[PDB]
């Protein structure tokens, strides 16, 4: 069964809802990311798992243990859950030595003195903390304190590691390296990890799966490929990706096209069939395609006038060196493409644009849910 489980979890404050009926199963041993914009409920969700905040309603389990169910009067304090919040301010005694801070979980569980000493010294050396063993955290730098909390977290082996934006205070290069190092260590340890971040690249880079949240609601749980290539709804589709996915209003036509008013594109057979079966033919839907899937027709692989091509005017060309971000317009609609450097587009000049129809998305105009 799941390493961590939330069942219909809510957190409310009067008329405000921080987390709304969230059910999530985190697999044993996976590195799960909670990703979403500011205020989306991800931090509240991590705190409820940690026990730093109580759910308003719902059940929360760590392994086979029910750690929170307010309807049953059940609430296990954070220290009694088998979890490690790798967050220094909460985990560490500033006036106890680094050595004693790291040894604490083990002496609490009556591990022999010789064993404690070797396990503490081993994890300290691994983390470059050896020379700091006799110092107290109140004397250390912020980075050193975070490392000491990490050592205390991994010296034992809890059932779950929890982290909240642990690399936000780092230089870009060090951050890229740490994302790799943290994931390598998690894989080595094999311990279920739940990690909050607002950073899409960090999420897609480190996570085995990503739980995308928006305004307290779980939008989708999937691997980086699933959330990027198979966004569950317009929120997910528009939240991940740079430049953002383009969205256009369209009518699915009886003759198999998505009609934007200003122009039309021919759907692929299978797409049109699924839309047929579901009853969207004749209806207004939301069409989406990423900038990386739009091409200058001069160099596109397959150019089909009528079906995947449209003439647009270029409004802005941003020269990024390795590519060009091209703001395009066809009458009253606009979209952005990421074209190759060899493209000769020029502001004010028209250009034919090819859409890679295999990469489009169609969503329900009312619910926002993805058809594909």
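Residue numbers count along the first chain shown, from 1.
244-252 and 111-119 differ in mean CA B-factor, and the higher of the two is recorded for 111-119. Mean CA temperature factor is higher for 300-308 when stretches 300-308 and 315-323 are set side by side in the entry. Listed residues 204, 189, 211, 236 were ranked by CA B-factor as deposited; 189 comes out on top.
In the PDB entry, the Cα temperature factor peaks, among 163, 92, 221, 289, at 92.
Residue 80 sits in the middle third of its chain by CA B factor, as recorded in the PDB entry. When the modelled residues of the chain are ordered by C-alpha B-factor, residue 331 sits in the highest third. Per-chain ranking of the deposited C-alpha B factor places residue 74 in the middle third. The deposited CA B-factor of residue 371 belongs to the highest third of values across its chain.
Split the chain's modelled residues into thirds by C-alpha temperature factor. Residue 197 is in the lowest one.
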